Number of protein chains: 2
Amino acid sequence: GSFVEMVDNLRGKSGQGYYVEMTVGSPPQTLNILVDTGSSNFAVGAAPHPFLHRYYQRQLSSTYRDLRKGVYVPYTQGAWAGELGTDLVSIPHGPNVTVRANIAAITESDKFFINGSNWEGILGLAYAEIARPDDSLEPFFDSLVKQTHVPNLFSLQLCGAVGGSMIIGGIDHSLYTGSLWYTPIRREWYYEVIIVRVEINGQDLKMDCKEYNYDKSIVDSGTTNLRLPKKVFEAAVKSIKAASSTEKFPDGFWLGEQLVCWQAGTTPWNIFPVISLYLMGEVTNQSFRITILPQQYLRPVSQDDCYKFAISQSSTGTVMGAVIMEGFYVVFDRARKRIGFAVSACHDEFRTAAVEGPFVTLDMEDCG
Amino acid sequence: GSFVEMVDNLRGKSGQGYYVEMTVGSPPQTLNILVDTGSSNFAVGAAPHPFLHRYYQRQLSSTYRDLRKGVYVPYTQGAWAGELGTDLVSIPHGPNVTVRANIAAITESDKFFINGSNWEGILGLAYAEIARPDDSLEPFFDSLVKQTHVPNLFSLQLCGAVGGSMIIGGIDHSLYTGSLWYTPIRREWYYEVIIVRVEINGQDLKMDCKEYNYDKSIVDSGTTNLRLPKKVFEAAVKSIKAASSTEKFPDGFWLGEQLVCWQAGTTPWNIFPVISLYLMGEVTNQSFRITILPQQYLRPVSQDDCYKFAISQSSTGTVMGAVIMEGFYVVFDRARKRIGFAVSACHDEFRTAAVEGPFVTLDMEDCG
Ligand SMILES: CC(=O)Nc1ccc(CN2CCC3(CC2)C(NC2CCCCC2)=NC(=O)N3c2cccc(F)c2)cc1
Ligand SMILES: CC(=O)Nc1ccc(CN2CCC3(CC2)C(NC2CCCCC2)=NC(=O)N3c2cccc(F)c2)cc1
């Protein structure tokens with residue numbers, strides 16, 4: 001139980017992201033920061049905004065150093081602009097260290113902050129290759145490992161409906177049951193992995209495995225959904241529809257355009273299939289599988305329980321977002337270039353999320 | 001309001017001391033630490049003890065370094081023994097820094113820990129001259145200032161009945177009203193000061209001022225009482241008795257051997273005198289005075305309110321303990337070798353604690 005003080009250091013509202021407290025500058029300014037394994041910049045709201053309860057005040061921090069360079073980070077859905085600098089940073093419920101880190105002070109944004117989320121910045125935990133303005137801006141975790149003796153590893157327990165744990169520098173055995181199964185990090189930019197097989201209720205989707213990782217597959221704590229490449233999305237929806245045919249749903253439900261609601265406590269979880277993603281293992285021809293329940297891929301949105309189908313389509317590869325992570329204790333073992341999955345200590349009485357192996361899967365190298 | 005996150009970072013039970021959270025080692029181990037300006041060792045309970053809710057577990061800290069030397073710290077009333085080492089230390093509700101500090105792991109003690117106090121160690125904030133085993137063991141605050149940019153200053157707001165604030169690296173203007181008055185630190189060992197005059201209800205005690213500082217006068221957050229040298233104690237008690245003669249008290253009350261209790265809300269504060277200590281100022285022949293109310297020097301010990309007279313005798317000089325500090329915001333300005341007093345933002349409807357000046361006092365140098 002040595003990592004006990006980091007347990008339950010994450011909070012969130014359902015579907016709006018998990019955040020950790022980080023303390024920046026001198027004297028201390030503590031903010032709520034989105035934990036985001038799908039980006040690589042540490043950035044904080046630094047000016048008033050309708051959706052922010054507070055923001056970073058650089059003028060009040062004696063240890064703040066303006067890098068006198070701007071930074072812009074755009075996505076499909078939203079973007080922010082700000083000014084680069086460095087400052088002292090700690091994580092009060094994380095490792096017992098203080099580092100000098102790059103920090104982007106967000107002065108303007110479009111569709112970035114979420115009304116009511118309670119977070120005021122983002123902690124990009126992915127690698128420098130995808131940092132903005134470029135890969136010379138050292139990400140936070142790189143600084144942490146370079147400046148301290150903290151082991152080059154973190155792990156995430158995301159508990160759905162929110163709370164969870166980010167263990168920095170180690171693995172907490174109370175956060176999981178059974179064994180940890182590891183898949184290689186294919187390339188250090190995003191947390192890129194290789195999906196070798198997909199099943200819906202034990203039935204192989206039977207697509208060429210290249211399609212599952214078409215253009216990449218990433219593990220992303222900052223994305224809510226399981227996102228699938230279009231061809232894979234279509235086949236997966238066809239199969240899920242067929243397996244859940246004891247009730248019919250509007251087409252728009254599968255497209256996230258319509259919600260379905262059930263009276264409190266009556267959601268027929270039993271009618272929906274389990275989904276298995278097989279991941280490349282650490283030994284030649286060996287794989288393992290992670291299995292998710294409808295409780296993960298149907299996300300709650302007061303007499304009625306409304307759900308949105310949280311599998312969606314992508315044109316930029318597969319994104320294993322929070323719907324996948326919530327079933328699991330996930331280990332970002334950067335030191336050994338691998339990601340681990342185990343059943344989370346945070347299902348129903350008939351079925352459980354699972355991590356199972358080993359399986360024999362040949363030509364897995366062909367899937368990338 | 002830049003020091004806001006350090007406000008209210010102290011807790012305590014009445015008469016049992018004020019403590020701050022400190023986080024030691026890797027992974028983090030957070031303990032409650034007595035804030036003690038009357039000693040100079042950082043030391044923590046490191047083995048089970050009936051009176052400890054928790055203790056430091058060196059074996060669980062990867063960053064702990066055994067100095068392989070023992071340490072023993074004795075007082076009149078109590079003592080502890082332990083092992084010297086170093087480890088990473090932060091103060092989660094103090095400065096945003098992490099330092100490597102000397103830490104004594106307390107393995108045995110006699111009459112040191114207090115049953116029910118909620119603290120598990122001590123933070124000796126005084127100077128190296130009085131560190132054990134000797135002055136080569138750098139105290140915590142010295143390490144803090146040497147390793148970081150934190151200004152060489154702290155201040156204490158002790159709020160009586162408990163809570164309070166320790167502001168590290170600065171002064172928080174919301175914690176006091178009126179002006180700060182400074183007295184020199186005569187010598188850097190204890191926080192030694194010079195008392196130049198004492199009044200009971202505005203009446204000069206008329207003792208030679210050398211007696212007030214006979215052998216030293218110190219400011220000590222770890223001592224509950226105002227402690228006075230015997231000759232001064234006797235004169236002060238005679239005067240307080242005379243000024244409070246509208247009611248009579250047993251002799252043992254003035255000696256702390258007897259308590260007196262009053263039905264809730266009926267304590268006749270009005271019958272007891274105010275006490276003024278005049279302190280050497282920063283300019284030639286200039287002094288100022290701090291004035292304390294019976295609410296400070298009568299300390300509460302359920303239909304009745306019991307009090308102990310918290311002025312007591314000493315054979316080792318005057319000790320301005322928590323009964324003095326509680327009236328005031330106290331600034332330990334180590335950088336400018338001076339201690340500041342202002343009226344605390346934490347009295348009755350007729351009288352208030354006060355810090356007043358300037359007064360003309362000649363030959364103050366003769367008082368040491
Ligand atoms: C209002 C709101 O919901 N705020 C929000 C939510 C969440 C987040 C973390 N991330 C940032 C980035 C994110 C996924 C989530 C992305 N991801 C990747 C590109 C490369 C390939 C594989 C996905 N595409 C996007 O359009 N994103 C995106 C999504 C929503 C808003 C946004 F501003 C960007 C930030 C901001
Ligand atoms: C059980 C308990 O009450 N625990 C306690 C209380 C408080 C504390 C902080 N300090 C430590 C030291 C203290 C004053 C308070 C001291 N002070 C000075 C010497 C030099 C000259 C001017 C006073 N004399 C003593 O006998 N002390 C002393 C007092 C009580 C217990 C004890 F173990 C030592 C520690 C431990």
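These numbers come from the heavy atoms of this one structure, side chains and all, not from hydrogens, waters or symmetry mates. In what follows, every chain begins at residue 1, and chains take the letters A, B, ... in the order their sequences are listed. When a ligand or atom number is given, it counts from 1 through the structure's own listing order.
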ask   = How about A:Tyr127 and A:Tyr191: are their ring centroids closer than 6.0 Å?
value = yes
Qualifying salt bridge (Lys or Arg N to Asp or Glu O under 4.0 Å) pairs, either residue in residues 118-135 of chain B, two or more places apart = B:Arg54-B:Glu120, B:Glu129-B:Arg187
key: Min side-chain heavy-atom separation A:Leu84-A:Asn102 under 4.5 Å   = no
Under 3.5 Å side-chain donor-acceptor pair for B:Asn225 and B:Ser312 = yes
key: Sole residue of B:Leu31, B:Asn32, B:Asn9 in side-chain contact (heavy atoms from CB on, under 4.5 Å) with B:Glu21   = B:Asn32
Contact table, ligand 2 N/O with protein N/O, distance under 3.5 Å:
unit_1: ligand 2; atom_1: 4 (N); unit_2: B:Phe112; atom_2: O; d: 2.6
unit_1: ligand 2; atom_1: 26 (O); unit_2: B:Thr76; atom_2: N; d: 3.4
unit_1: ligand 2; atom_1: 26 (O); unit_2: B:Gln77; atom_2: N; d: 3.0

task = Nearest 0.5 Å please: distance from the CD1 atom of B:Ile130 over to the CD atom of B:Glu192.
result = 11.0 Å
